[PDB]
Structure formats: C-alpha cells, structure tokens
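Some notes on the structure that comes next.
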Amino acid sequence: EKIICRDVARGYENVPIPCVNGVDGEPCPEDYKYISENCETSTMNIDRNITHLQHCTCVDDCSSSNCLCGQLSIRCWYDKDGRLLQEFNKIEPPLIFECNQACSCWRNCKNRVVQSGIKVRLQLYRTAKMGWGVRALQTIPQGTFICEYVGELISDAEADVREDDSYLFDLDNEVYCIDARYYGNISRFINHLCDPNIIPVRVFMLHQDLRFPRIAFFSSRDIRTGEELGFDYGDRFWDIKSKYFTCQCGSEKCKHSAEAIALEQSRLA
Ligand SMILES: COc1cc2nc(N(C)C3CCCC3)nc(NC3CCN(C)CC3)c2cc1OC
Ligand SMILES: C[S@@+](CC[C@H](N)C(=O)[O-])C[C@H]1O[C@@H](n2cnc3c(N)ncnc32)[C@H](O)[C@@H]1O
Ligand SMILES: [Zn+2]
Ligand SMILES: [Zn+2]
Ligand SMILES: [Zn+2]
Ligand SMILES: [Zn+2]
C-alpha cells in the first residue's frame, strides 16, 4: 500500500529497498542495525593475505574455459548476462570462486556477479501471516543473483549460547555462523518457503578463507513481479522452532505446517 520507508538500507546498496505495510499497524522494523557487508564482533582473523588467493591470468573478459577462477568452480557458472548456468546444480550447489584483486583481469569481467551487489528491485513488505517478508518488484529470470545473506560472523560455540536463533545461517565445513539478529541486511527478512524460489550458494570473492564463505541467493526459477522470495531454512531450524510455531507458507508441498507435523505424528503409530 503506502511506502513507510524509502530505503531500509540507508543508501548502502546499489538500489534502494523500500518498506510498505498494507496489512497491519506495524511500523518499519527498527530493532536491528542494517549493514551491507558481514561484520565481526570478536577476533576472527579472516585470511586476507593477497598471496593466498588463487587467481586467473586472463586478459579477456574471463568468458573462456581457461579461466582458473572458473576452473576452481569446476566451470564458471555465470552466462554472459551474469546468471547461473542452466545445468547449475541447484540441489547441491558447488562453491563459486569469483575473480579478485590478484587476478590479471578487469573489474568488469564476467566472473564478478556477487561482488557487484544487488541489481534487482526488492521490497520489504508486511505479509499476511509471516510478519515481514521480501518480494520482487520486477520479473527475475531463473539464475539471477538476488542478494547476499549478510550479518554478524560468529563461532559455533558463540551460536550455542545465542538466545535468539531466528536469524541464523550455518556456514559449515571449525564451523561458523552468520547471525543476522542484531546486524543484518535485507536477507534477514526473507521467509521460509517449502516451495522455495531462491537457493543459497557459497561464494568466495576478496578472500578465500574456507571458514567464511559468503552466502549468495540466486533465483531457482523465473520469479514474477510481486512474488514473495523464500528459501528452505532447513531441518535444523524447523526441528527447533516447530514446537513454537508452524509453517504458514501455504504450499501443498508444505512439510512444516501443523497439519503436516500432525499427519507424520499420526502415521507414527
Ligand atoms: C539455520 O537455523 C538455525 C541454525 C542454528 N545453528 C546453531 N548452531 C549452534 C550452529 C553452529 C554451527 C553448527 C550449528 N544453533 C541454533 N540454535 C541453538 C539452539 C540452542 N540455543 C541455546 C542456542 C541456539 C540454530 C538455530 C537455527 O534456527 C532455529
Ligand atoms: C529470518 S526471520 C524472517 C523475517 C521475519 N518474518 C520478520 O518479520 O522479521 C525468521 C522468522 O520469520 C517467521 N517465519 C519465517 N518463515 C515462516 C514460515 N514459513 N511460517 C511461519 N513463520 C515464518 C518466523 O517468526 C521466523 O522465526
Ligand atoms: Zn579469468
Ligand atoms: Zn580470476
Ligand atoms: Zn576475471
Ligand atoms: Zn511450509
């Protein structure tokens, strides 16, 4: 309905991300700090040694199969328009290694999609049943980079004592987490869908410290204007939270609704 905030990102993204609410009286969320890149709250010592970067020697646009950075990702998974290859493994995505400051290529090469930031028009809006959510203000073709899951990098030991685990993304590999509860970007508002339309992909850009992949959401199908974005939060989230609330995604594939939980519980016998 009417726009309550012109840009929740305070100008830190390539495009503004407005907030609207046509459902209830809740004002624009303001109990967190918007950040556009991951932050640290303890000593993490991400390995930023430029000599530890694997890098390419391309003098073209890194569209050839001899791009070392593409080879690290098995092959460069970006097409000429920056979208994931149509054979990209969406079920089990590979690690993507983008070009970096040690590569001989130019900053506009074809292997720098995620580091170039948000390009699609997104909107923070009030959903009917799931609080705030994020939807597209444009058609988004399948394979398009949407946004990064940005927040506070924390150790697994720190995550184990975090009281609010509603905004946690496990990185896995000596395992770390992104906590977007107190510091986060637009992705902290993306809800869970049992029939998701975006997938998280682990990406390396300016560093290649394998403890800290950056989490990039790409569309898993064509997305229509106005459609809510959502990914599969996974079973660790729902094993913990189903006791407190159930899924409202409304899909016929929904496996975390009260009915879905009760039906598997009845089948139990
Ligand atoms: C994706 O979603 C989640 C991920 C969660 N991940 C963790 N850890 C500890 C990571 C650390 C590395 C591997 C496992 N903990 C959670 N919760 C713990 C439960 C016990 N309390 C006292 C502390 C918080 C999580 C909850 C999630 O969603 C509800
Ligand atoms: C990362 S947040 C998403 C943004 C949240 N809706 C908000 O208003 O800030 C996760 C929380 O959103 C709600 N949520 C997300 N997906 C949901 C779903 N499929 N069904 C019910 N609640 C959901 C739950 O409260 C969940 O703990
Ligand atoms: Zn290259
Ligand atoms: Zn390169
Ligand atoms: Zn390059
Ligand atoms: Zn569901």
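Labels used: A, B, ... for chains in the order of the structure tokens, numbers from 1 for residues in each chain, and numbers from 1 for ligands as shown.
Near ligand 4, at distances of 8 Å or less and with only C-alpha atoms and all ligand atoms counted, sit the residues residues 54, 55, 56, 57, 58, 62, 67, 68, 69, 70, 98, 99, 100, 102, 103, 104, 105 and 111 of chain A.
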For residue A:77, list every protein, DNA or RNA residue within 8 Å, evaluated using only C-alpha atoms, and leave out those in the same chain fewer than 5 positions away; present the list as a VMD selection string.
chain A and resid 70 83 to 85 88 96
Using only C-alpha atoms, please write the residues we just selected to a file, as an mmCIF file, in the first residue's frame.
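Full text of out.cif as output:
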```cif
data_model
loop_
_atom_site.group_PDB
_atom_site.id
_atom_site.type_symbol
_atom_site.label_atom_id
_atom_site.label_comp_id
_atom_site.auth_asym_id
_atom_site.auth_seq_id
_atom_site.Cartn_x
_atom_site.Cartn_y
_atom_site.Cartn_z
ATOM 1 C CA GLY A 70 36.122 -20.655 -13.351
ATOM 2 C CA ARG A 83 23.020 -15.665 -14.456
ATOM 3 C CA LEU A 84 23.755 -19.170 -13.283
ATOM 4 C CA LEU A 85 24.146 -21.812 -15.896
ATOM 5 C CA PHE A 88 23.873 -25.449 -12.378
ATOM 6 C CA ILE A 96 31.864 -20.422 -6.583
#
```
Tell me, in Å to one decimal, how far atom 17 (N, counted along the ligand's line) of ligand 1 is from atom CA of residue A:159.
6.6 Å
Return as a ChimeraX atom specification the full set of residues in stretch 120-161 of chain A whose backbone-based DSSP assignment is helix (DSSP H, G or I).
/A:156-159
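Straight-line separation from atom CA of residue A:92 to atom CA of residue A:202: 10.6 Å.
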Output as a tab-separated table one row per residue of chain A within 9 Å of ligand 2: the closest atom pair and its distance in Å to one decimal place, counting only C-alpha atoms and all ligand atoms, sorted by chain and residue number ascending.
```
residue	atom	partner	partner_atom_place_in_ligand_line	distance
A:29	CA	ligand 2	9 (O)	7.7
A:126	CA	ligand 2	8 (O)	7.8
A:127	CA	ligand 2	6 (N)	8.0
A:129	CA	ligand 2	21 (C)	6.9
A:130	CA	ligand 2	22 (N)	4.5
A:131	CA	ligand 2	8 (O)	3.8
A:132	CA	ligand 2	8 (O)	3.6
A:133	CA	ligand 2	6 (N)	5.5
A:134	CA	ligand 2	4 (C)	8.4
A:165	CA	ligand 2	27 (O)	8.0
A:166	CA	ligand 2	27 (O)	4.5
A:167	CA	ligand 2	1 (C)	4.5
A:168	CA	ligand 2	1 (C)	7.5
A:180	CA	ligand 2	1 (C)	7.8
A:181	CA	ligand 2	1 (C)	8.0
A:187	CA	ligand 2	1 (C)	7.7
A:188	CA	ligand 2	1 (C)	4.8
A:189	CA	ligand 2	4 (C)	3.6
A:190	CA	ligand 2	3 (C)	5.1
A:191	CA	ligand 2	16 (N)	3.8
A:192	CA	ligand 2	16 (N)	3.8
A:193	CA	ligand 2	19 (N)	5.3
A:194	CA	ligand 2	19 (N)	7.3
A:230	CA	ligand 2	16 (N)	8.0
A:231	CA	ligand 2	16 (N)	9.0
A:232	CA	ligand 2	19 (N)	8.8
A:233	CA	ligand 2	16 (N)	8.1
A:237	CA	ligand 2	27 (O)	8.6
A:241	CA	ligand 2	27 (O)	7.2
A:245	CA	ligand 2	21 (C)	6.8
A:246	CA	ligand 2	21 (C)	5.8
A:247	CA	ligand 2	20 (N)	3.6
A:248	CA	ligand 2	20 (N)	4.0
A:249	CA	ligand 2	19 (N)	4.6
A:250	CA	ligand 2	19 (N)	8.2
A:254	CA	ligand 2	19 (N)	8.9
A:256	CA	ligand 2	19 (N)	8.0
A:257	CA	ligand 2	20 (N)	8.0
```
For the selection you just gave me, I'd like the residues written to a file as a compact mmCIF listing (two decimals), in the first residue's frame, keeping N, CA, C and O atoms.
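After the write, part-v9.txt holds the following:
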```
# COMPACT_ATOMS: atom_id res chain seq x y z
N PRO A 29 10.52 -2.02 10.66
CA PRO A 29 11.37 -2.64 11.69
C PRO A 29 12.63 -1.83 11.94
O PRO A 29 13.30 -1.36 11.02
N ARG A 126 4.80 -6.20 4.51
CA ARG A 126 4.14 -6.93 5.58
C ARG A 126 3.33 -8.07 4.98
O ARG A 126 2.43 -7.84 4.15
N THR A 127 3.66 -9.30 5.37
CA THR A 127 2.91 -10.44 4.88
C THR A 127 1.65 -10.63 5.71
O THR A 127 1.47 -10.04 6.78
N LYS A 129 0.69 -13.49 7.20
CA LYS A 129 0.82 -14.44 8.30
C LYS A 129 2.23 -14.67 8.80
O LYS A 129 2.40 -15.38 9.80
N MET A 130 3.25 -14.11 8.15
CA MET A 130 4.64 -14.41 8.48
C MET A 130 5.43 -13.18 8.89
O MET A 130 6.66 -13.18 8.79
N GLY A 131 4.76 -12.12 9.35
CA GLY A 131 5.50 -10.92 9.71
C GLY A 131 5.99 -10.20 8.47
O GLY A 131 5.31 -10.15 7.44
N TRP A 132 7.20 -9.66 8.55
CA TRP A 132 7.79 -9.01 7.40
C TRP A 132 8.31 -10.06 6.43
O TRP A 132 8.69 -11.17 6.82
N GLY A 133 8.30 -9.70 5.15
CA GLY A 133 8.88 -10.53 4.11
C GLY A 133 9.47 -9.65 3.03
O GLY A 133 9.38 -8.42 3.08
N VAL A 134 10.08 -10.28 2.04
CA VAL A 134 10.70 -9.59 0.92
C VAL A 134 10.09 -10.11 -0.37
O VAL A 134 9.97 -11.33 -0.55
N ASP A 165 17.75 -17.43 18.05
CA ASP A 165 18.31 -18.14 16.91
C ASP A 165 17.39 -18.09 15.69
O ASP A 165 17.42 -18.97 14.84
N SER A 166 16.55 -17.05 15.61
CA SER A 166 15.61 -16.91 14.49
C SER A 166 16.26 -16.38 13.22
O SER A 166 15.63 -16.46 12.15
N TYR A 167 17.46 -15.82 13.31
CA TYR A 167 18.15 -15.21 12.18
C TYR A 167 19.56 -15.79 12.06
O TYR A 167 20.55 -15.06 11.94
N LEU A 168 19.67 -17.12 12.05
CA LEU A 168 20.96 -17.80 11.98
C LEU A 168 21.08 -18.58 10.68
O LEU A 168 20.15 -19.29 10.29
N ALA A 180 22.08 -12.81 11.81
CA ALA A 180 21.54 -11.55 11.33
C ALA A 180 20.55 -10.91 12.31
O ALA A 180 19.81 -10.00 11.92
N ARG A 181 20.52 -11.37 13.57
CA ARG A 181 19.54 -10.84 14.51
C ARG A 181 19.83 -9.38 14.85
O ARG A 181 18.92 -8.54 14.85
N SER A 187 18.33 -9.64 3.59
CA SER A 187 18.08 -11.08 3.63
C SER A 187 17.52 -11.54 4.97
O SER A 187 16.91 -12.61 5.02
N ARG A 188 17.75 -10.80 6.05
CA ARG A 188 17.22 -11.22 7.34
C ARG A 188 15.71 -11.25 7.36
O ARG A 188 15.13 -11.84 8.27
N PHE A 189 15.08 -10.62 6.37
CA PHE A 189 13.63 -10.54 6.32
C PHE A 189 13.02 -11.56 5.36
O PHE A 189 11.80 -11.59 5.20
N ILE A 190 13.84 -12.38 4.71
CA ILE A 190 13.35 -13.40 3.79
C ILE A 190 12.78 -14.58 4.58
O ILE A 190 13.47 -15.14 5.45
N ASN A 191 11.54 -14.95 4.27
CA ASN A 191 10.87 -16.02 4.99
C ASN A 191 11.18 -17.38 4.39
O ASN A 191 11.78 -17.52 3.32
N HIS A 192 10.78 -18.41 5.13
CA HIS A 192 10.91 -19.79 4.69
C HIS A 192 9.75 -20.16 3.79
O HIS A 192 8.59 -19.84 4.08
N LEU A 193 10.07 -20.85 2.69
CA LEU A 193 9.06 -21.42 1.81
C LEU A 193 9.39 -22.89 1.60
O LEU A 193 10.55 -23.24 1.35
N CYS A 194 8.38 -23.75 1.76
CA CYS A 194 8.57 -25.17 1.46
C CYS A 194 8.70 -25.42 -0.03
O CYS A 194 9.25 -26.45 -0.43
N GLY A 230 11.67 -16.63 -1.01
CA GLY A 230 11.85 -17.52 0.13
C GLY A 230 12.79 -18.63 -0.19
O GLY A 230 12.89 -19.09 -1.34
N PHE A 231 13.53 -19.07 0.82
CA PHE A 231 14.40 -20.23 0.71
C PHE A 231 14.04 -21.26 1.76
O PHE A 231 13.24 -21.00 2.67
N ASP A 232 14.62 -22.44 1.62
CA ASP A 232 14.37 -23.52 2.58
C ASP A 232 15.32 -23.33 3.75
O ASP A 232 16.54 -23.47 3.61
N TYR A 233 14.76 -22.97 4.92
CA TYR A 233 15.61 -22.76 6.09
C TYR A 233 16.32 -24.03 6.54
O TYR A 233 17.35 -23.94 7.22
N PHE A 237 16.59 -25.67 11.61
CA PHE A 237 15.69 -24.60 12.03
C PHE A 237 14.35 -25.17 12.49
O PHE A 237 13.86 -24.84 13.58
N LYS A 241 12.18 -24.95 15.93
CA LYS A 241 11.11 -23.97 16.01
C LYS A 241 9.70 -24.55 15.92
O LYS A 241 8.76 -23.87 16.31
N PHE A 245 6.09 -22.56 16.70
CA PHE A 245 5.15 -22.16 15.67
C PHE A 245 5.31 -23.10 14.49
O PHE A 245 6.32 -23.80 14.37
N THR A 246 4.34 -23.07 13.59
CA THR A 246 4.36 -23.94 12.43
C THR A 246 4.37 -23.12 11.14
O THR A 246 4.08 -21.92 11.12
N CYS A 247 4.69 -23.81 10.05
CA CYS A 247 4.87 -23.15 8.77
C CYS A 247 3.56 -22.63 8.21
O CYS A 247 2.54 -23.33 8.21
N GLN A 248 3.59 -21.39 7.70
CA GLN A 248 2.42 -20.78 7.08
C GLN A 248 2.61 -20.53 5.59
O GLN A 248 1.89 -19.72 5.01
N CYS A 249 3.55 -21.24 4.95
CA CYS A 249 3.84 -20.97 3.55
C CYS A 249 2.64 -21.27 2.67
O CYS A 249 2.48 -20.65 1.60
N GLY A 250 1.77 -22.19 3.09
CA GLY A 250 0.54 -22.46 2.39
C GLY A 250 0.66 -23.35 1.18
O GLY A 250 -0.35 -23.60 0.51
N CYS A 254 3.92 -28.28 1.62
CA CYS A 254 4.47 -27.76 2.86
C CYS A 254 4.75 -28.92 3.82
O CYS A 254 3.87 -29.78 4.03
N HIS A 256 6.07 -28.46 7.03
CA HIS A 256 6.28 -27.98 8.38
C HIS A 256 5.04 -27.31 8.96
O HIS A 256 5.15 -26.58 9.95
N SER A 257 3.87 -27.51 8.35
CA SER A 257 2.64 -26.99 8.93
C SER A 257 2.19 -27.84 10.11
O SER A 257 2.64 -28.97 10.31
```
Ranking A:40, A:61, A:264, A:259 by minimum distance to ligand 6 and counting only C-alpha atoms and all ligand atoms, which one comes first?
A:259
Non-local contacts of residue A:169 (9 Å; only C-alpha atoms; under 3 positions in same chain excluded) as a list in words
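Contacts, with the query itself left out: residues 149, 176, 177, 178, 179, 180, 215 and 233 of chain A.
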As a ChimeraX atom specification, please: every residue in stretch 166-247 of chain A that DSSP puts in strand (DSSP E or B).
/A:168-170,176-184,191-192,198-204,214-219,223,228,230-231
Serialized selection, C-alpha atoms, as a compact mmCIF listing (two decimals), in the first residue's frame:
```
# COMPACT_ATOMS: atom_id res chain seq x y z
CA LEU A 168 20.96 -17.80 11.98
CA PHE A 169 22.57 -19.28 8.86
CA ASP A 170 25.06 -22.14 9.36
CA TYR A 176 30.86 -20.78 11.85
CA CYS A 177 27.52 -18.99 11.52
CA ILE A 178 26.08 -15.73 10.24
CA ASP A 179 23.75 -14.24 12.88
CA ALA A 180 21.54 -11.55 11.33
CA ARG A 181 19.54 -10.84 14.51
CA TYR A 182 21.40 -7.71 15.60
CA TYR A 183 23.29 -6.80 12.42
CA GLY A 184 21.92 -7.79 9.03
CA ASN A 191 10.87 -16.02 4.99
CA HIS A 192 10.91 -19.79 4.69
CA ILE A 198 15.83 -18.83 -4.27
CA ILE A 199 18.79 -21.01 -3.29
CA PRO A 200 21.86 -20.14 -1.19
CA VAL A 201 25.24 -20.58 -2.85
CA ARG A 202 28.63 -20.40 -1.13
CA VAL A 203 30.87 -17.82 -2.81
CA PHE A 204 34.43 -16.56 -2.38
CA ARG A 214 29.67 -15.66 1.67
CA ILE A 215 26.08 -16.73 1.11
CA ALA A 216 24.56 -15.57 -2.19
CA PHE A 217 20.90 -16.12 -3.05
CA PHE A 218 20.12 -16.90 -6.70
CA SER A 219 16.65 -17.43 -8.10
CA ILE A 223 10.13 -15.11 -10.40
CA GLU A 228 7.50 -13.24 -2.21
CA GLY A 230 11.85 -17.52 0.13
CA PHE A 231 14.40 -20.23 0.71
```
Which of these, A:212, A:244, A:106, A:125, has the shortest distance to ligand 3 once you count only C-alpha atoms and all ligand atoms?
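Checking each candidate against ligand 3, we get A:106 as the closest.
When only C-alpha atoms and all ligand atoms are used to measure the gap to ligand 6, the shortest distance among A:90, A:267, A:255, A:221 belongs to A:255.
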